[PDB]
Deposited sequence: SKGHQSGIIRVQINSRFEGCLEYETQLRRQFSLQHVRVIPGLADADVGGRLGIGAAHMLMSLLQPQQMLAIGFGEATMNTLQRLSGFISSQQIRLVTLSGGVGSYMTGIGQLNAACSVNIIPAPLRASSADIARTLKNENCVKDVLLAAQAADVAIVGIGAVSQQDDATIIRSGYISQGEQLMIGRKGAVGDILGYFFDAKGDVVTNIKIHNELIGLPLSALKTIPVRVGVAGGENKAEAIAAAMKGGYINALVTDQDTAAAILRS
């Protein structure tokens, strides 16, 4: 319904490997989890390793994917710290499920503390495992969401921080790393050296990296994520796909 054509155009414009565009009406957050869970069911082979990001679209996707995770013995690994944030999509599975979790906060209070935690063995071990995954699933945050962004509502940055990240040219983020409209990570940003998880440069080792995000206010962030290479597959909705293509 224009969805096949959007998929084709996004695929070619951003040189993607896989794309799914969901129709334009009741539950978009929810049909996005379904769309992405389907895409993951078709990419993942039994016993493969899935690296999981933070936030609402990803947790929604994981809840929907749980019987597939058990049935196919998929191994999960956290791309980010914070632990507890993942209990909604993990308080959800079974004890035979291998779940590999970074045992640290998502963001440390100083960059020196982030570097110390990243060198602890039990942390370093999981960071390697995550970079070795077969597929990644991640959300995409947008500066233009303002107070509605997950990163603000969770408390991981302050409003003052968000304002300055915007002033500095960032349009969006993956895993708390903010990039400009061309897709380059923005240089001068305190949270980037405080985060404990895998940097975006390392996420790119994973061969299939699926972003799941929608809402027209995310269109610029999603375009820039693709231009930067962070994701090479996308699950989004029809209005957002339109907006992305005109960006």
According to the entry, C-alpha coordinates are missing for deposited residues 1-17, 42-43
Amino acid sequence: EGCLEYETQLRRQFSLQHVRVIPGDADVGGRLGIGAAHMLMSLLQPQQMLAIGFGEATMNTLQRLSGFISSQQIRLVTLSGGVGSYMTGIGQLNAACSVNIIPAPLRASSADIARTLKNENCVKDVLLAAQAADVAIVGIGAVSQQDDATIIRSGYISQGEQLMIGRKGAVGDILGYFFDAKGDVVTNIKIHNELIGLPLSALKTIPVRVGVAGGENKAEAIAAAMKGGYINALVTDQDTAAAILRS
From here on, numbers count along this sequence of modelled residues.
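Rigid core (definition): largest C-alpha set, two forms, superposition within 1.5 Å.
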When the rigid core is fixed in 5 other deposited structures of this protein, C-alphas move more for 67-75 or 83-91; answer is 83-91
With the rigid core as the fit anchor, does 27-35 or 185-193 show bigger C-alpha shifts in 5 other deposited structures of this protein? 27-35
Using a one-third cut-off over the other compared PDB entries, is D134 one of the residues left without coordinates? no
Please establish whether a third or more of the other compared PDB entries omit coordinates for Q146. yes
Could you check which stretch, 173-181 or 68-76, carries the larger mean CA temperature factor in the entry? 68-76
If you take the mean CA temperature factor per stretch, which one wins between 134-142 and 91-99? 91-99
In terms of recorded Cα temperature factor, pick the maximum from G214, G197, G30, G211. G30
Out of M39, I222, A26, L50, which shows the largest CA B-factor listed in the entry? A26
Check where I206 lands among this chain's C-alpha B-factors and tell me if it's the lowest, middle or highest third. lowest
What third of its chain's C-alpha B-factors does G155 belong to: lowest, middle or highest? middle
Sorting the chain's CA B-factors, does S110 end up in the lowest, middle or highest third? lowest
B-factor third for the C-alpha atom of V83 within its chain: highest
Could you tell me which third, lowest, middle or highest, the C-alpha B-factor of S15 occupies within its chain? highest
